[PDB]
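The structure appears right after this line, and notes come after that.
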Ligand SMILES: NC(=O)c1ccc[n+]([C@@H]2O[C@H](COP(=O)([O-])OP(=O)(O)OC[C@H]3O[C@@H](n4cnc5c(N)ncnc54)[C@H](OP(=O)(O)O)[C@@H]3O)[C@@H](O)[C@H]2O)c1
């Protein structure tokens, strides 16, 4: 019985856009190791040229600790197997046929059965031109190219659940179509891609590289994201891309996976894998060492975190379920985007309160030895309800300015940043969201208990008390070794 995940990647070939990608890469590992009769992964990669991109493929994928298990099942074969299976494709989603040289571009659009598109710019306050170009006009470029594909069986788009924007309360898995805004001061009522496309980059002094003008564009992006009802320039474009992919898939059958807040693999290759210092981490990181006695955060409120581990297995379940093209399925009408919320905030929510606890409890028992290898002073995270009671903590500038008391106002451009730091995380620390986990639950209920073994994405089995203190922040601290 079940849903067939293993069997499926039978001999199938992928185009995939996450090159140094945190998430995409874990996916690649998983596929090779799950079934080494995949048809090949093509792996688009940014690069000066294509031997300069074999380098990227080696230094950041094959010669990484993530792949160790594989490097073990293959003997002296692996390095062969890796070459037989990972085709570097020098490429850029910012330009047409995602920047692939043509002779190859076509070789690809002939062989490939599944396109996974995790590529993205994930800077929050990113300038408009950039975010729009990668996050919202790129997905065009791919989908566009996707249409010239010969036997493309499924197109899998990776966008956030933070895509759901300013939606408060429980939020169901439903798609965005090309007109939609999330507005239910400043407000607009319909979303003119055209109009956005033109403010973001029309002329743009293609040659003006004033970090002034570069600000004007960072600022502008936020203005709009917040006009139409998204928090920031990323979640905006990330949604607009969903809108593009909705408008442009035709006969093709996409899945839309919405993972919220990826974190360290919860057990599959091995628990404890991470890349990158993006959002939660750089605070967990800061508070490991100096400068965060307290953060600005409703401590009854939730952070929707998922293990990277479980994102990937949801990803692979949908692939096996929805891109098993058929005939009476292709001869029958176009279906809808398959949206999957792969998320915790409706089932096993982790509260900023238990979070601040586990930060303390993990930095106490085995803290961060500093520059002189002399271990840290870390108490319990102090969480504030207000920019009042958070800014009431410049009681540190002076207080933390105790290193000077031996014998017998002070300047604080240091609080001005720990304040900004928290100003900026505000919208996420006070997120009204809660991400209904529903379709994605029914996907499990479809699997054989045999499959629930290999490909766990029961968000429910997470013991937050454990996975944060013991699995994530370790595996985090380890990666940011460099
Ligand atoms: N952080 C999270 O937990 C989180 C949040 C929710 C959902 N997601 C979404 O899932 C995806 C996973 O990304 P990630 O965070 O795992 O890794 P990441 O490092 O944030 O993703 C960046 C990836 O996109 C590639 N990329 C950037 N610009 C490109 C371009 N012009 N052309 C082609 N590729 C380009 C990068 O290439 P380079 O190799 O040069 O970087 C890299 O492979 C994203 O869409 C993200 O928004 C993840």
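No lab work stands behind these numbers, since they all come straight from the coordinates. Heads up, the Cβs are rebuilt from the backbone with ideal geometry, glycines too, and the neighbour counts pull from every protein chain shown.
Structure above, values below:
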{"item": "Members of the stretch 81-97 found to be in a helix (DSSP H, G or I) and within 18 Å of residue 11 (Cα to Cα), listed by number", "result": "81, 82, 83, 84, 85"}
{"item": "Scan of the stretch 44-66 for residues that are within 16 Å of the ligand (Cβ to nearest atom) and under 24 Å from residue 475 (Cβ atoms), ordered by number", "result": "56, 57, 58, 59, 60, 61, 62, 63, 64, 66"}
{"item": "The one condition in (1) part of a loop (DSSP other than H, G, I, E, B); (2) away from the ligand (no atom under 11 Å from the Cβ) that residue 104 fails to fulfil", "result": "(1)"}
{"item": "Residue within the stretch 152-160 that is surrounded by fewer than 22 Cβ atoms within 10 Å (Cβ to Cβ) and under 30 Å from residue 39 (Cα atoms) present", "result": "yes"}
{"item": "Residue 195 vs. criteria more than 28 Å from residue 436 (Cα to Cα), in a helix (DSSP H, G or I) and in contact with a strand residue (DSSP E or B) (Cβ under 6 Å, 6 or more places away or on another chain)", "result": "no"}
{"item": "Members of the stretch 135-165 that are assigned to a loop (DSSP other than H, G, I, E, B) and over 16 Å from the mean Cα position of the chain (by Cα)", "result": "148, 149, 150, 151, 152, 153"}
{"item": "Pairs, first more than 16 Å from residue 259 (Cα to Cα) in the stretch 115-126, second in a loop (DSSP other than H, G, I, E, B), C-beta under 7 Å, six or more apart", "result": "115/152; 124/232; 125/232"}
{"item": "Test: residue 300 is within 16 Å of the ligand (Cβ to nearest atom) and part of a loop (DSSP other than H, G, I, E, B)", "result": "no"}
{"item": "Which listed residue is exposed (fewer than 15 other Cβ atoms within 10 Å of the Cβ), away from the ligand (no atom under 15 Å from the Cβ), on the phi < 0 side of the Ramachandran plot and not in a helix (DSSP H, G or I), from 208, 180", "result": "208"}
{"item": "Odd one out for residue 76 among (1) over 30 Å from residue 217 (Cα atoms); (2) more than 14 Å from the ligand (Cβ to nearest atom); (3) touching a helix residue (DSSP H, G or I) at 6+ places or on another chain (Cβ under 7 Å); (4) not in a helix (DSSP H, G or I)", "result": "(3)"}
{"item": "Failed criterion for residue 325 (all others in (1) buried (at least 18 other Cβ atoms within 10 Å of the Cβ); (2) under 17 Å from residue 152 (Cβ atoms) hold)", "result": "(1)"}
{"item": "Residue tally, condition more than 15 Å from the ligand (Cβ to nearest atom) and either assigned to a helix (DSSP H, G or I) or under 30 Å from residue 195 (Cα atoms) (or both), over the stretch 107-124", "result": "4"}
{"item": "Residues (in contact with a helix residue (DSSP H, G or I) (Cβ under 9 Å, 6 or more places away or on another chain) and away from the ligand (no atom under 11 Å from the Cβ)) located in the stretch 84-99", "result": "85, 86, 87, 88, 96, 97"}
{"item": "Positions within the stretch 227-241 being in a helix (DSSP H, G or I), away from the ligand (no atom under 16 Å from the Cβ) and crowded, with 19+ Cβ neighbours inside 10 Å, in sequence order", "result": "228"}
{"item": "Meets criteria (surrounded by fewer than 23 Cβ atoms within 10 Å (Cβ to Cβ) and within 19 Å of residue 455 (Cβ to Cβ)) for residue 16", "result": "no"}
{"item": "Residue selected from the stretch 244-281 under the condition in a helix (DSSP H, G or I), more than 11 Å from the ligand (Cβ to nearest atom) and touching a helix residue (DSSP H, G or I) at 6+ places or on another chain (Cβ under 9 Å), by the criterion farthest from residue 177 (Cα to Cα)", "result": "248"}
{"item": "Hey, residue 69 within 23 Å of the chain's Cα centre (by Cα), farther than 28 Å from residue 133 by Cβ and more than 16 Å from the ligand (Cβ to nearest atom) or not", "result": "no"}
{"item": "Residue in the stretch 288-308 that is out of contact with any strand residue (DSSP E or B) (no Cβ under 6 Å at 6 or more places or on another chain) and on the phi > 0 side of the Ramachandran plot present", "result": "yes"}
{"item": "Pairs where the first residue, in the stretch 153-172, is at positive phi and the second is part of a loop (DSSP other than H, G, I, E, B) and within 15 Å of the ligand (Cβ to nearest atom), C-beta under 7 Å, 6+ apart", "result": "165/230; 165/231"}
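Conditions tested, residue by residue: (1) farther than 19 Å from residue 306 by Cβ; (2) touching a strand residue (DSSP E or B) at 6+ places or on another chain (Cβ under 8 Å); (3) in a loop (DSSP other than H, G, I, E, B).
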position	(1), (2), (3)
396	yes, no, no
417	yes, no, no
421	yes, no, no
424	yes, no, no
447	no, no, yes
452	no, no, no
